[PDB]
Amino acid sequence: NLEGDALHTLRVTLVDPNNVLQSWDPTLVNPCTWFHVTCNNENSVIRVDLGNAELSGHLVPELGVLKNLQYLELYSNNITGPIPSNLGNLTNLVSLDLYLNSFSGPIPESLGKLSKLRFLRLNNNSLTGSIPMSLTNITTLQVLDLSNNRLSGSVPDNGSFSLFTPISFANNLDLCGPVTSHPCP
């Protein structure tokens, strides 16, 4: 199906030394019997679990095709390159865990469109630029870790960010704001 085609596209771009994606057979009608993929009762992907798999390479925009995806777990890998902007098309996403990777570039402003997101852990990456203000409009956000990145600029302190502590924004290149040690220009 389209969801399987999208996940197979990710497999082709990722480097898989331990053949964790061996079961990802595109000839299957759906990816629900694929290991590391969990589907709902209507056979739509709700979970991708690939944490600590020694994966390398880069993510794909086609991950955005997974409309019902709720948990994306790509943490503790060596994935490089940008966080795809199309991840903002994952309306039902509850967890985005890209932590302990070599991700670079900006945190996409598209991530603000994730209305049901509760967990955003982008920590221990090489991400750069400013924290998007759109993330404040996510009412459901309860866990945020942007720490150990090379991020800079004002840290939003309103909406969901109202309750966030300094541990979330620690060891960044040039973050400014009340949570931070240094105040803003």
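Note that residue numbering begins at 1 and tracks the sequence as displayed.
Higher mean CA B-factor, judged across 127 to 135 and 22 to 30 from the recorded values: 127 to 135. Between 156 to 164 and 112 to 120, it is 156 to 164 that carries the larger average Cα temperature factor according to the deposited entry. Sorting the modelled residues of the chain by their CA temperature factor places residue 150 in the highest third. Remark: residue 56 belongs to the lowest third of its chain, ranked by C-alpha B-factor as recorded. Per-chain ranking of the deposited C-alpha B factor places residue 102 in the middle third. Residue 95: CA B factor in the lowest third of modelled residues in this chain (values from the PDB entry). Per the deposited record, the Cα B-factor of residue 10 falls in the lowest third when ranked against the other modelled residues of its chain.
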